[PDB]
Structures are given as C-alpha cells and as structure tokens.
Amino acid sequence: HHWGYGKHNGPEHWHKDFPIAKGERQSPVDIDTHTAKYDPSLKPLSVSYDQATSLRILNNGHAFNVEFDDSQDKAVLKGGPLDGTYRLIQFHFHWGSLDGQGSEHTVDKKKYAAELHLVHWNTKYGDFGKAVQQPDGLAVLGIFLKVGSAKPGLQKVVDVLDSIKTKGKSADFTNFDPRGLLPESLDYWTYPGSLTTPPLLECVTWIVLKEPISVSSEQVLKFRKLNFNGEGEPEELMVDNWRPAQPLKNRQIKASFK
Ligand SMILES: O=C1NC(=O)[C@@H](c2ccccc2)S1
Ligand SMILES: [Zn+2]
C-alpha cells in the first residue's frame, strides 16, 4: 500500500484499497455540540499513567509515534464508556500546514491546529493485532491542540524531532511522561468509530476531550519540519496528515458533562 495525504494518494483515494473507508462507523467526525447529549450513565474516566514506560519515537512516514512498553498494565485507560482495561501502546499527532487546520475531529466544524491520539488496546484480546479485529478493541483518547502558550511537557518531543526527520528513522525516547500532555479537565465526548488511517478498521471507542491544550507556534512549526519522505529523497514536508470528517450515519455522540 502507498496511501498518504497527497492529491494522488490521499483520503479521497483510500477507499479503493480499503473499501471500509465508506463504512458505517468511520472516523473522524464533526462533533455537533448542540446535538451531543449528556449521558449521566457514563462512569468516571480513569487515566492511569503513573507507571508509563516510553521506549522509542518513530517517524513512520505518516506521523511520528511515541511507543510505550505495553507488555504489562503500566499505563491504562479505564472507566468512562469503557468496560475493562485498555493498555497504552503509543501516541501520535495529526497536524496542519497552517494553524487553521490539522485536527481530524472538528467541533461545530472548527478545525484545531493539531490533534493528539493516545492509542490503547483492550487487554481482553491479548494483543493489539487481535484487538483491532474487534468492535471494542481500541480506545483512543483524542486531545485538540490550539496555538498559544507553549506546552512544557511537549518540549522533549519537539526537541527529538530533528533526529527523526525522515521516514524509517527512530530514536530512543525513554522516561517521557504522557501526563504532561493532558489538559486540566477530563470532560469528553464519546462515540463508536474507526482507525483514521488505513486499514480504517471499525474497532475504536473514541473519547475526545473538550478542553484543548495550548502549544506554541514554535512547537508546532517544528512538527512541520518533519518529512514524509525517506532519507535522501526529495523533501515532502510532513504536514496536513489528517483525514477530514466522515458521515456520522446511525451514531450518537454522548457527552460526559452538562
Ligand atoms: O487514532 C488513530 N489514528 C490513527 O492513525 C489510527 C491508527 C492506525 C494504526 C495504528 C494506530 C492508530 S487510529
Ligand atoms: Zn491518529
């Protein structure tokens, strides 16, 4: 597969190799804040990242992933809409060429400068590969980024990006604390959806925080210096690696808050 974000291989093309692209529970979606309903039954959300073990950061040609040790329950997401225990495997971002675009989800059609995805898999399936074949296999915690003040807990990530400029480059990335990426509030929206990149599998419980985090223009400018290409190839800046909103179809977006 040669999918990506260009005119020729971007989201509009994905359906030809991955027909579920046109499925019934695709992500991202627009979150209409006036249609989403408070659900008083949602249990409280539990983000337990005290024992998180980061390992490595990888430019995969599409984004950069901060990978964790997910061989035990070290950093887990529980509660909210979720039954059972979901293990953090990695986080990454999607971002734009300009501060007015970059997020995958939108809020009343507003696009943020970027969106953070903390990916977790349901430990009842044993491994990530099995979990992505299940409707309840993953939980993604999505956090919007707006441009304003710097986010101090992001700066270790932006500082290593020079070392992973091109596709296939990785760097050791131990002792990174992903708590430093969260906003104050854990108020959220939730809905059933999909992976936002091929293979586009309909395996995700989406949990999208209401409160964006602020990052500085300088921080996001450094995301934009990354490259989709490999070393020694013609430079194609890694920007606008987001999929646009997809049809909601027969789904409800629930709010955790009034
Ligand atoms: O949150 C998401 N963003 C992505 O790129 C999708 C994905 C695809 C493959 C592995 C992990 C995550 S799901
Ligand atoms: Zn993502």
Side-chain angles (χ1 to χ4, degrees), residues 1-5 9-11 14-15 17-18 20-21 23 25-31 47 54-70 75 77 80-82 86-96 101-106 111-123 125 127-145 154 157 167 170 178 181-182 188-209 212-213 220 223 226 228 238-246 253:
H1 304 290
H2 294 58
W3 67 264
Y5 295 94
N9 65 353
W14 293 352
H15 72 104
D17 285 356
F18 302 99
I20 205 171
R25 61 177 271 189
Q26 290 291 292
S27 292
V29 296
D30 183 57
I31 299 166
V47 182
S54 65
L55 295 174
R56 193 175 75 139
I57 192 173
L58 174 70
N59 177 335
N60 65 17
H62 313 290
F64 60 90
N65 295 344
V66 176
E67 295 166 350
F68 289 76
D69 172 6
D70 63 343
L77 185 65
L82 301 175
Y86 289 73
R87 205 177 279 174
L88 179 62
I89 174 169
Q90 51 117 311
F91 67 78
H92 64 272
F93 305 80
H94 308 259
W95 66 87
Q101 69 207 61
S103 66
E104 300 211 292
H105 293 86
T106 58
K111 301 172 162 96
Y112 287 87
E115 187 170 332
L116 165 65
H117 292 159
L118 294 129
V119 183
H120 311 72
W121 56 273
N122 189 333
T123 62
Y125 303 122
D127 70 63
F128 180 85
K130 289 281 197 284
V132 300
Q133 299 178 68
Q134 311 304 323
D136 59 351
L138 293 189
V140 181
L141 178 60
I143 301 181
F144 294 118
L145 280 60
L154 185 61
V157 173
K167 182 179 179 166
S170 67
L181 298 181
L182 307 175
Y188 64 88
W189 296 284
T190 183
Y191 76 96
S194 76
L195 308 178
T196 61
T197 58
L200 303 168
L201 298 170
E202 297 182 330
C203 65
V204 185
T205 304
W206 277 99
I207 300 166
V208 179
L209 297 190
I213 56 165
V220 67
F223 283 22
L226 292 165
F228 289 126
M238 182 179 285
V239 295
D240 293 316
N241 58 353
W242 52 281
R243 188 190 193 191
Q246 304 299 307
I253 300 183

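Starting from 1, each residue takes its place in the sequence as its number. No hydrogens, no waters, no symmetry mates; every other heavy atom, side chains included, goes into these values. Both ligands and their constituent atoms are indexed starting at 1 by order of listing.
- Taking the six-membered ring where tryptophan is involved, the planes of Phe228 and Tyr5 are essentially parallel, since the angle between them stays under 30° and well short of 60°.
- Those atoms of ligand 1 with a heavy atom of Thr197 less than 4.0 angstrom away are 4 (C), 5 (O), 6 (C), 7 (C), 8 (C).
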Is there a side-chain contact (heavy atoms from CB on, under 4.5 Å) between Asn59 and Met238 once you walk through the steps? CA-CA 10 Å; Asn59 177 335; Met238 182 179 285; 3.4 Å; yes

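- Geometrically, ligand 1 and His117 share a nitrogen or oxygen pair separated by less than 3.5 Å.
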Taking it one step at a time, do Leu200 and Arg243 satisfy side-chain contact (heavy atoms from CB on, under 4.5 Å)? CA-CA 11 Å; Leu200 303 168; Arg243 188 190 193 191; 3.7 Å; yes

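- Polar contact check, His92 against ligand 1: a nitrogen or oxygen pair lies under 3.5 Å apart.
- Residue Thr196 places at least one N or O, backbone or side chain, under 3.5 Å from an N or O of ligand 1.
- Of the possible donor and acceptor atoms, one in the side chain of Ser194 sits under 3.5 Å from a partner among the backbone N and O of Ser27.
- Atom numbering of ligand 1 starts at 1 in the shown order; those under 4.0 Å from a heavy atom of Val140 are 1 (O).
- Shortest contact from atom 10 (C) of ligand 1 to any protein heavy atom: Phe128 CZ, 4.0 Å.
- Between the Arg87 side chain and the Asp70 main chain, a donor and an acceptor come within less than 3.5 Å of each other.
- Note: angle at the Zn ion (ligand 2), from NE2 of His94 to ND1 of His117, is 100° (rounded to 10 degrees).
- Exactly one residue among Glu115, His105, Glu104 makes a side chain to side chain donor-acceptor pair (under 3.5 Å) with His94. That residue is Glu104.
- Relative to atom 13 (S) of ligand 1, the option among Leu116, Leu195, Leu118 with the closest non-hydrogen atom is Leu195.
- Close approach of ligand 1 to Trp206 (heavy-atom distance below 4.0 Å) involves ligand atoms 1 (O).
- Shortest contact from atom 11 (C) of ligand 1 to any protein heavy atom: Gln90 NE2, 3.6 Å.
- Residue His94 has at least one heavy-atom neighbour below 4.0 Å for each of these atoms of ligand 1: 3 (N), 5 (O).
- In this structure, a donor-acceptor pair under 3.5 Å is absent between the side chains of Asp17 and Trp3.
- Between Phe91 and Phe68, the ring-plane angle classifies as tilted under the 30° and 60° cut-offs.
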